[PDB]
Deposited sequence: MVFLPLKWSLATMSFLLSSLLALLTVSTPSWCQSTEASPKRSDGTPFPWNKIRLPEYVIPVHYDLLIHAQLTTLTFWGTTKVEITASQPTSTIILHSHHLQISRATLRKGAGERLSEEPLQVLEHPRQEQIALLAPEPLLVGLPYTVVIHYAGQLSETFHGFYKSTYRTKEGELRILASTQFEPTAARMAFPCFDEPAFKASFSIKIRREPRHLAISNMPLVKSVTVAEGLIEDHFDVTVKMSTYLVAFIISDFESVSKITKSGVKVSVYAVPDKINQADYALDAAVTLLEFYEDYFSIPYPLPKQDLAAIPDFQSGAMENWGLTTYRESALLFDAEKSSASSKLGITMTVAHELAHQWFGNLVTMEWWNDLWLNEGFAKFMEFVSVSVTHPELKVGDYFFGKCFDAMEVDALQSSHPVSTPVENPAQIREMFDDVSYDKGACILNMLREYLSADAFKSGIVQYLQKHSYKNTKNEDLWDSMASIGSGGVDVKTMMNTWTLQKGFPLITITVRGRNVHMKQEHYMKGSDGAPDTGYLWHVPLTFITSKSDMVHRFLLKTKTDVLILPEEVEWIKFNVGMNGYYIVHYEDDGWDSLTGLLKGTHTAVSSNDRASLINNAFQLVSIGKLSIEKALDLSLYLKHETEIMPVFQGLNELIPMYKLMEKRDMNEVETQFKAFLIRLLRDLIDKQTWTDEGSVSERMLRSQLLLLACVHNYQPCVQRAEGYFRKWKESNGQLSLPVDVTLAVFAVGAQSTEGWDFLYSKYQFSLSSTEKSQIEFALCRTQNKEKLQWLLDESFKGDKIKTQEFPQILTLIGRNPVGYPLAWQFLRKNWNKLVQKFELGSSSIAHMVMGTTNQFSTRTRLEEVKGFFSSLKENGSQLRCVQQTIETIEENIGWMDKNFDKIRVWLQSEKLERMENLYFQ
């Protein structure tokens, strides 16, 4: 019997309006049963209903028309197309156009052993008892694994969820609990209130023994944090942050949060960082739970930013949703950007605005490659859709929005946002909808923003100065007929006011009022472009950084460091001139230019570590330590100062210890010895813990001691610090053990496996083990994490993108091409191949130049 539908996309003439979802999960057998009742209307006659279903055993399907006395039921025959993840329901007669019908489906499934669908999560009590819970993760296409549905984001509907569970367990879902009814078999049926109209991917439900803490907003919304009983005392910070941020967004968008409550649940097993399910946001425990004594400043910042991200989605994603995954950036670019807007207001002591440009540089890494994609690009299958959750949708999306906001001004941008959110509330949007909204306040918005969303990559802006005449040229930046509307900014030696010039053409000229000593484009790195200066331009700017680096802001200094090294890669600046510029860092004090320096310089020796280059690698590492030696030496071994001072300290001490800087190694050995002799009871400053643990794990006794403390820790920061330290061992049997254990999920959870694999991929002796492990265990890793997931992308890049020989390039090409449909077409594979090709060319051109430069 042939399947009566040949497309991946569903027919668009059968529309759902409301779902009634009844779910019973048996935690003892890992089996679940459901009854789905979906109210539908057909716009054209059909005897066939096509919908999504994946790994669900359908026992019965019926078609209802009317209610009570005037009720009719009809049996529905079921056909399956597993590859398209569809089912076809066959009625004995055609459906009458425009009349409401209810499709009733009874089914069963097994709780997923992955991190998606309706899945199993476990933890151990401090007494060592194993506890099992069931949670959901549906974005993008996994709602169809928990209940049959029209599983595309434009098929919005209301949802009335009912959960049957044991009296000893708690169930939570998107909406408040309205009633709990005693049913047969000693079960309780929880009835949750009907949701607002929303996408299937936002449905959520959890059956657990979680504890909770709550606080009410000024608008009367009940905000709650849920977590395992042993960790609920770490919920207070996120609870306070969530209340403040929810109030900020309501005030800012002038659109109230529409639900009576908002829950934030810390899940013991979670693949991504968090998920924005409407009324039930979910998080990795490390992304939500703060320990005032053991958590790092970076973890505290991470929690604040993640809560800000998920809450921004309540408007940008939930209330207004992209029509299709090709426009995922409308959700992700906005939520990423709003983290910075919201936290800059709510937590001005975190100084987050100063860190934003770092996201743009992250996007530029991928976007400089031929294998990048436009922000808005076609996608069809689930693996392609998952590939949209990447630095282009998130970081480039946020960066082009930041660039647009600076161009329009914050108030005109805000008016545009509010108009957009109001007009498209409970509906779906495409790119043109956003431009139309922004332009209704912005005459050039549509033409300009189409250049930034429909073309991959970014421009190189070349500056040539002839007296008062500033010549500008744009061209597509490509590693080794594109045209943008570029909102340029600049400052000069005569004016620190931010000047604006819209470059709509290949070339243009601006006439300065008077001649200047220097000009610097892309003020504060607020623009998604790079800049090259002709003639003595780079010598001049190098001179400025070396004489009066304070003449330009910390972010302007970071932008110069980054652009100089990006220009080496396209042969516009020599490696010697970029390295000469980096020498100014001997007097740098600020976190962003110091970190930008490390971001450009560390990858160079990471390439050398994987080659026969011991001498140059050692001299390069010695140069790096000598360059930052005064700054390293000034660091106190405490938790004193601002969040930026704490993060700078932690990374400087770790860098010094990793590269065997003796004053820091001897001090770290001392703290470790003292900490170990006290049986880990003595408190170490959190800021020095990474360095201290990395040093301590270099001995068998130290590694074993760290591992013994890991099993009992309730702190996410401490566990992450121990995992990092353990992965830095140069004992291959211990590195193999870490890969084996985290892969199995026994002693170390599988949610840690992608980071562990990358850390070992970066280990100077362990890198062959990580690449070999990925190849050997590929199928099981794909089954666990999914083809196209950001996790698989990070595992691919993390084990191969630091290779720089033709032999390594063929190993990568050969391996991934052998996978056929199970990974040969992954975008991350094309990206890593292109990265290795660039590494080969860069090393062949510059290795000897660096060798000579280091001797001089």
property: Deposited sequence positions missing from the model - stretches, numbered from 1, in order; result: 1-44, 486-488, 528-534, 911-922
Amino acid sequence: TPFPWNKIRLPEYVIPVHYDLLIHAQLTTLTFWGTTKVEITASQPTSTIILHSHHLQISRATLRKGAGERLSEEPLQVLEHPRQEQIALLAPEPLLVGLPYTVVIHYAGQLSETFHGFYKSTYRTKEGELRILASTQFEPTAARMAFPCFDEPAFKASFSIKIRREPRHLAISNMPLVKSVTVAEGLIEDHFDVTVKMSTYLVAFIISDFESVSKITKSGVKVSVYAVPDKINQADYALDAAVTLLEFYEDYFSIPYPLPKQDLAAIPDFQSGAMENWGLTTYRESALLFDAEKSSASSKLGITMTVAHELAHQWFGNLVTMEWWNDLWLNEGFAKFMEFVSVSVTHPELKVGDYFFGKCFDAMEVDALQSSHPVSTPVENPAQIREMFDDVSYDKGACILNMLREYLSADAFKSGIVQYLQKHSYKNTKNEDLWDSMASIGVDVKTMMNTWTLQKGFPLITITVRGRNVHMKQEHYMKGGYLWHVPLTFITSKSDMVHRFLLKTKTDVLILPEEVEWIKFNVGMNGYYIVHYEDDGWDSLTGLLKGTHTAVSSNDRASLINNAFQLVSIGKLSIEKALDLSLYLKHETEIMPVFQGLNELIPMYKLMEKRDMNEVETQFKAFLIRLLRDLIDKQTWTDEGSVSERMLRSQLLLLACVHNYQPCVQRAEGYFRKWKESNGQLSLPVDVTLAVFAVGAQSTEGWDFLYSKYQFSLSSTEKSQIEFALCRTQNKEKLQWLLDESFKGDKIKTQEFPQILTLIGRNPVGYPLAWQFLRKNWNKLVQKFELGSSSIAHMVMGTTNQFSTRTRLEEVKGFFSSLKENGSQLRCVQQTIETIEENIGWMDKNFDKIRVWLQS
From here on, numbers count along this sequence of modelled residues.
{"query": "Greater mean Cα temperature factor according to the PDB record, 644-652 or 664-672", "finding": "664-672"}
{"query": "Mean temperature factor over C-alpha atoms, higher-scoring stretch between 277-285 and 367-375", "finding": "367-375"}
{"query": "Out of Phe705, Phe773, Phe205, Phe337, residue topping the C-alpha B-factor column of the entry", "finding": "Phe705"}
{"query": "Candidate set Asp556, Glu733, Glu600, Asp151 [ranked by C-alpha B-factor, highest]", "finding": "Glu733"}
{"query": "Chain third (lowest, middle, highest) by recorded CA B-factor, residue given as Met797", "finding": "middle"}
{"query": "Ranked against its chain, the third holding the CA B-factor of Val17", "finding": "highest"}
{"query": "Where the record places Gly788 (Cα B-factor, split into thirds across the chain)", "finding": "lowest"}
{"query": "Ranked C-alpha temperature factor of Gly128 among modelled chain residues, by third", "finding": "highest"}
{"query": "B-factor third for the C-alpha atom of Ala410 within its chain", "finding": "highest"}
